[PDB]
Amino acid sequence: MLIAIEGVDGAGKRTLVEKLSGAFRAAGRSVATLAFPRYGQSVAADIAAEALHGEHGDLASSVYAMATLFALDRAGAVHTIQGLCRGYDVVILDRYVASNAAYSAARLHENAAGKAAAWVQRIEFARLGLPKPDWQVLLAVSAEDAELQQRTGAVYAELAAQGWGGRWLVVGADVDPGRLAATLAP
Ligand SMILES: CCc1cc2[nH]c(=O)c(C#N)c(-c3ccc(NS(C)(=O)=O)cc3)c2c(C)n1
Ligand code: NA
């Protein structure tokens, strides 16, 4: 089973990934995890992070440019992801493809039915062949540009409400991991 944990920065995603891992293992299930972006391993990731800090000219001015780099990062790990899905009962990703839909849409003042979010699907799932997650779990918290961060949180909620790329659950900071693991299990 492939699960992606999503949300804005400071939502506490990694804490949830770890809480979920423990719960799945307590339930008898093997777990492996990966985090995106793969800063330090992916040149595309690194150039993207670097662009957001003003390097690489006018690169960061293009939403689709940044989205492409982050996509290329994930596409590089496609064989790793498919390997974990064979080796383990549950693979949890700290960020996945929906990060690209939410952050790009938000920046472009588009909604989840908009062009960018659709493009992301065409590019990452169809073209680049990234597997669709069985579940995407949005961690939605009150407080993690802040208007952009809150707009991203909202668009996330909209991907969840529309079942973008598959089934979602939306959860809070205090969700019970044992109960969440039971809901996610096949
Ligand atoms: C310009 C539009 C745009 C598109 C994006 N697409 C992605 O796929 C993606 C991812 N993953 C991110 C991203 C990367 C790191 C983050 N947070 S972090 C690890 O704590 O630095 C938060 C978001 C992303 C961003 C920031 N912006
Ligand atoms: Na727009």
# chains A, B, ... in the order shown; residues from 1 in each chain; ligands from 1
$ residues_around --residues "stretch 39-47 of chain A" --least-positions-apart "3" --cutoff "10 Å" --atoms "only C-alpha atoms" --output "PDB file with N, CA, C and O atoms, in the first residue's frame"
ATOM      1  N   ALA A  35      11.052  10.724   1.901  1.00  0.00           N
ATOM      2  CA  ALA A  35      10.637  12.124   2.003  1.00  0.00           C
ATOM      3  C   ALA A  35      11.032  12.870   0.723  1.00  0.00           C
ATOM      4  O   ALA A  35      12.119  12.650   0.194  1.00  0.00           O
ATOM      5  N   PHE A  36      10.134  13.711   0.218  1.00  0.00           N
ATOM      6  CA  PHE A  36      10.434  14.634  -0.874  1.00  0.00           C
ATOM      7  C   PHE A  36      10.294  16.101  -0.397  1.00  0.00           C
ATOM      8  O   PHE A  36       9.565  16.389   0.570  1.00  0.00           O
ATOM      9  N   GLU A  50      17.542  25.927  -4.393  1.00  0.00           N
ATOM     10  CA  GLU A  50      18.428  27.042  -4.646  1.00  0.00           C
ATOM     11  C   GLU A  50      17.724  28.191  -5.351  1.00  0.00           C
ATOM     12  O   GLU A  50      17.950  29.344  -4.996  1.00  0.00           O
ATOM     13  N   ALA A  51      16.856  27.885  -6.308  1.00  0.00           N
ATOM     14  CA  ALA A  51      16.101  28.922  -7.026  1.00  0.00           C
ATOM     15  C   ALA A  51      15.166  29.714  -6.109  1.00  0.00           C
ATOM     16  O   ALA A  51      15.028  30.928  -6.264  1.00  0.00           O
ATOM     17  N   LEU A  52      14.514  29.021  -5.180  1.00  0.00           N
ATOM     18  CA  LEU A  52      13.649  29.660  -4.190  1.00  0.00           C
ATOM     19  C   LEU A  52      14.401  30.614  -3.248  1.00  0.00           C
ATOM     20  O   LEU A  52      13.780  31.495  -2.635  1.00  0.00           O
ATOM     21  N   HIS A  53      15.714  30.418  -3.113  1.00  0.00           N
ATOM     22  CA  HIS A  53      16.573  31.350  -2.376  1.00  0.00           C
ATOM     23  C   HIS A  53      17.298  32.348  -3.301  1.00  0.00           C
ATOM     24  O   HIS A  53      18.348  32.876  -2.947  1.00  0.00           O
ATOM     25  N   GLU A  55      18.874  32.099  -6.264  1.00  0.00           N
ATOM     26  CA  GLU A  55      19.903  31.664  -7.206  1.00  0.00           C
ATOM     27  C   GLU A  55      19.261  31.320  -8.555  1.00  0.00           C
ATOM     28  O   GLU A  55      18.038  31.276  -8.688  1.00  0.00           O
ATOM     29  N   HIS A  56      20.104  31.083  -9.550  1.00  0.00           N
ATOM     30  CA  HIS A  56      19.662  30.622 -10.857  1.00  0.00           C
ATOM     31  C   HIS A  56      18.728  31.595 -11.565  1.00  0.00           C
ATOM     32  O   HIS A  56      17.728  31.190 -12.131  1.00  0.00           O
ATOM     33  N   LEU A  59      14.653  31.762 -12.756  1.00  0.00           N
ATOM     34  CA  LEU A  59      14.058  30.424 -12.660  1.00  0.00           C
ATOM     35  C   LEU A  59      12.832  30.398 -11.751  1.00  0.00           C
ATOM     36  O   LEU A  59      11.756  29.980 -12.172  1.00  0.00           O
ATOM     37  N   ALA A  60      12.993  30.888 -10.528  1.00  0.00           N
ATOM     38  CA  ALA A  60      11.917  30.871  -9.533  1.00  0.00           C
ATOM     39  C   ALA A  60      10.700  31.707  -9.934  1.00  0.00           C
ATOM     40  O   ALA A  60       9.638  31.550  -9.330  1.00  0.00           O
ATOM     41  N   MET A  66       9.508  25.469 -11.700  1.00  0.00           N
ATOM     42  CA  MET A  66       9.725  24.883 -10.385  1.00  0.00           C
ATOM     43  C   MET A  66       8.977  23.550 -10.269  1.00  0.00           C
ATOM     44  O   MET A  66       9.531  22.546  -9.817  1.00  0.00           O
ATOM     45  N   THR A  68       8.245  21.528 -12.570  1.00  0.00           N
ATOM     46  CA  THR A  68       8.920  20.558 -13.418  1.00  0.00           C
ATOM     47  C   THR A  68      10.116  19.931 -12.717  1.00  0.00           C
ATOM     48  O   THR A  68      10.306  18.740 -12.788  1.00  0.00           O
ATOM     49  N   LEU A  69      10.934  20.764 -12.080  1.00  0.00           N
ATOM     50  CA  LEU A  69      12.085  20.322 -11.316  1.00  0.00           C
ATOM     51  C   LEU A  69      11.671  19.359 -10.197  1.00  0.00           C
ATOM     52  O   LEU A  69      12.296  18.287 -10.015  1.00  0.00           O
ATOM     53  N   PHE A  70      10.634  19.723  -9.456  1.00  0.00           N
ATOM     54  CA  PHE A  70      10.197  18.867  -8.345  1.00  0.00           C
ATOM     55  C   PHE A  70       9.654  17.549  -8.880  1.00  0.00           C
ATOM     56  O   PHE A  70       9.825  16.525  -8.250  1.00  0.00           O
ATOM     57  N   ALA A  71       9.029  17.598 -10.058  1.00  0.00           N
ATOM     58  CA  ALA A  71       8.527  16.414 -10.731  1.00  0.00           C
ATOM     59  C   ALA A  71       9.666  15.515 -11.145  1.00  0.00           C
ATOM     60  O   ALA A  71       9.574  14.284 -11.026  1.00  0.00           O
ATOM     61  N   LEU A  72      10.716  16.135 -11.674  1.00  0.00           N
ATOM     62  CA  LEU A  72      11.880  15.382 -12.130  1.00  0.00           C
ATOM     63  C   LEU A  72      12.556  14.696 -10.958  1.00  0.00           C
ATOM     64  O   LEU A  72      13.063  13.601 -11.093  1.00  0.00           O
ATOM     65  N   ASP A  73      12.530  15.337  -9.802  1.00  0.00           N
ATOM     66  CA  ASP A  73      13.047  14.741  -8.587  1.00  0.00           C
ATOM     67  C   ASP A  73      12.278  13.450  -8.324  1.00  0.00           C
ATOM     68  O   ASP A  73      12.877  12.389  -8.252  1.00  0.00           O
ATOM     69  N   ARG A  74      10.957  13.546  -8.189  1.00  0.00           N
ATOM     70  CA  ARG A  74      10.129  12.368  -7.899  1.00  0.00           C
ATOM     71  C   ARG A  74      10.259  11.274  -8.963  1.00  0.00           C
ATOM     72  O   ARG A  74      10.293  10.078  -8.619  1.00  0.00           O
ATOM     73  N   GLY A  76      12.757  10.536 -10.668  1.00  0.00           N
ATOM     74  CA  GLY A  76      14.031   9.874 -10.456  1.00  0.00           C
ATOM     75  C   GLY A  76      13.930   8.738  -9.455  1.00  0.00           C
ATOM     76  O   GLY A  76      14.690   7.762  -9.532  1.00  0.00           O
ATOM     77  N   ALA A  77      12.997   8.863  -8.517  1.00  0.00           N
ATOM     78  CA  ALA A  77      12.813   7.874  -7.463  1.00  0.00           C
ATOM     79  C   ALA A  77      11.741   6.850  -7.791  1.00  0.00           C
ATOM     80  O   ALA A  77      11.426   6.011  -6.957  1.00  0.00           O
TER      81      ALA A  77
END
$ select_by_dssp --residues "stretch 23-100 of chain A" --states "helix (DSSP H, G or I)" --output "MDAnalysis selection string"
chainID A and resid 23:26 43:52 59:61 63:76 78:87 97:100
$ residues_around --residues "residue A:33" --least-positions-apart "5" --cutoff "9 Å" --atoms "only C-alpha atoms" --output "list in words"
residues 17, 21, 84, 90, 91, 92, 93 and 94 of chain A
$ write_last_selection --atoms "C-alpha atoms" --output "PDB file, in the first residue's frame"
ATOM      1  CA  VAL A  17       4.657   9.833   9.367  1.00  0.00           C
ATOM      2  CA  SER A  21       4.694   3.984  11.054  1.00  0.00           C
ATOM      3  CA  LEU A  84       9.547  -0.335  -1.542  1.00  0.00           C
ATOM      4  CA  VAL A  90       3.050   0.011   3.574  1.00  0.00           C
ATOM      5  CA  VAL A  91       5.184   2.705   1.968  1.00  0.00           C
ATOM      6  CA  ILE A  92       4.667   6.208   3.485  1.00  0.00           C
ATOM      7  CA  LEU A  93       5.845   9.275   1.490  1.00  0.00           C
ATOM      8  CA  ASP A  94       6.427  12.548   3.313  1.00  0.00           C
TER       9      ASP A  94
END
$ residues_near_ligand --ligand "ligand 1" --cutoff "6 Å" --atoms "only C-alpha atoms and all ligand atoms" --output "count of residues only"
13
$ residues_near_ligand --ligand "ligand 2" --cutoff "12 Å" --atoms "only C-alpha atoms and all ligand atoms" --output "PyMOL selection string"
chain A and resi 63+104-111+114-116
$ residues_around --residues "residue A:87" --least-positions-apart "5" --cutoff "12 Å" --atoms "only C-alpha atoms" --output "NGL selection string"
:A and (1-2 or 29-33 or 80-82)
$ write_last_selection --atoms "N, CA and C atoms" --output "short mmCIF file (atom, residue, chain, number, x, y, z; two decimals), in the first residue's frame"
data_model
loop_
_atom_site.label_atom_id
_atom_site.label_comp_id
_atom_site.auth_asym_id
_atom_site.auth_seq_id
_atom_site.Cartn_x
_atom_site.Cartn_y
_atom_site.Cartn_z
N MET A 1 0.87 -1.21 0.00
CA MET A 1 0.00 0.00 0.00
C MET A 1 0.89 1.23 0.00
N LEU A 2 0.53 2.23 -0.82
CA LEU A 2 1.29 3.50 -0.94
C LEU A 2 0.48 4.70 -0.42
N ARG A 29 2.30 -4.80 10.41
CA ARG A 29 2.62 -4.41 9.04
C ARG A 29 4.00 -3.79 8.92
N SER A 30 4.78 -4.24 7.93
CA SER A 30 6.08 -3.63 7.65
C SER A 30 5.90 -2.29 6.94
N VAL A 31 6.81 -1.37 7.22
CA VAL A 31 6.71 0.00 6.76
C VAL A 31 8.08 0.45 6.29
N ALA A 32 8.11 1.15 5.16
CA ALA A 32 9.28 1.90 4.69
C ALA A 32 8.85 3.33 4.35
N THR A 33 9.75 4.29 4.50
CA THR A 33 9.40 5.67 4.20
C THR A 33 10.44 6.37 3.34
N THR A 80 12.83 3.30 -7.04
CA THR A 80 12.91 3.16 -5.58
C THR A 80 11.50 2.97 -4.96
N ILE A 81 10.55 3.82 -5.34
CA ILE A 81 9.18 3.72 -4.82
C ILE A 81 8.54 2.37 -5.16
N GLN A 82 8.64 1.96 -6.41
CA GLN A 82 8.09 0.68 -6.84
C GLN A 82 8.80 -0.48 -6.10
#
$ select_by_dssp --residues "chain A" --states "strand (DSSP E or B)" --output "JSON, numbers by chain"
{"A": [2, 3, 4, 5, 6, 31, 32, 33, 34, 35, 90, 91, 92, 93, 94, 135, 136, 137, 138, 139, 167, 168, 169, 170, 171]}
$ closest_residue --among "A:174, A:135, A:123, A:62" --to "residue A:15" --atoms "only C-alpha atoms"
A:174
$ closest_residue --among "A:20, A:113, A:185, A:140" --to "residue A:153" --atoms "only C-alpha atoms"
A:140
$ residues_around --residues "residue A:8" --least-positions-apart "2" --cutoff "10 Å" --atoms "only C-alpha atoms" --output "MDAnalysis selection string"
chainID A and resid 6 10:13 95 99 102:103 138:141 143:144 149:154 156
$ decode --residues "stretch 16-30 of chain A" --atoms "N, CA and C atoms" --output "short mmCIF file (atom, residue, chain, number, x, y, z; two decimals), in the first residue's frame"
data_model
loop_
_atom_site.label_atom_id
_atom_site.label_comp_id
_atom_site.auth_asym_id
_atom_site.auth_seq_id
_atom_site.Cartn_x
_atom_site.Cartn_y
_atom_site.Cartn_z
N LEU A 16 3.67 12.93 12.09
CA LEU A 16 2.57 12.06 11.68
C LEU A 16 3.08 10.81 10.93
N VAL A 17 4.06 10.99 10.05
CA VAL A 17 4.66 9.83 9.37
C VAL A 17 5.19 8.82 10.39
N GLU A 18 5.81 9.33 11.43
CA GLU A 18 6.43 8.49 12.45
C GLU A 18 5.36 7.84 13.34
N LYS A 19 4.35 8.60 13.73
CA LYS A 19 3.21 8.07 14.47
C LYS A 19 2.49 6.98 13.66
N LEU A 20 2.26 7.24 12.38
CA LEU A 20 1.66 6.22 11.51
C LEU A 20 2.49 4.96 11.36
N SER A 21 3.79 5.12 11.17
CA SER A 21 4.69 3.98 11.05
C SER A 21 4.60 3.07 12.27
N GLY A 22 4.64 3.66 13.47
CA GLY A 22 4.52 2.88 14.70
C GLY A 22 3.22 2.11 14.76
N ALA A 23 2.12 2.78 14.38
CA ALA A 23 0.80 2.16 14.45
C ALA A 23 0.70 0.99 13.47
N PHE A 24 1.17 1.18 12.24
CA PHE A 24 1.15 0.11 11.25
C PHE A 24 1.99 -1.10 11.71
N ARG A 25 3.17 -0.83 12.27
CA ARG A 25 4.02 -1.90 12.81
C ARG A 25 3.40 -2.61 14.03
N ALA A 26 2.74 -1.85 14.90
CA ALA A 26 1.98 -2.42 16.02
C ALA A 26 0.86 -3.34 15.53
N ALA A 27 0.35 -3.05 14.34
CA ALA A 27 -0.69 -3.85 13.70
C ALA A 27 -0.13 -5.00 12.87
N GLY A 28 1.18 -5.24 12.93
CA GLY A 28 1.82 -6.35 12.21
C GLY A 28 2.30 -6.07 10.80
N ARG A 29 2.30 -4.80 10.41
CA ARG A 29 2.62 -4.41 9.04
C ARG A 29 4.00 -3.79 8.92
N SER A 30 4.78 -4.24 7.93
CA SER A 30 6.08 -3.63 7.65
C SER A 30 5.90 -2.29 6.94
#
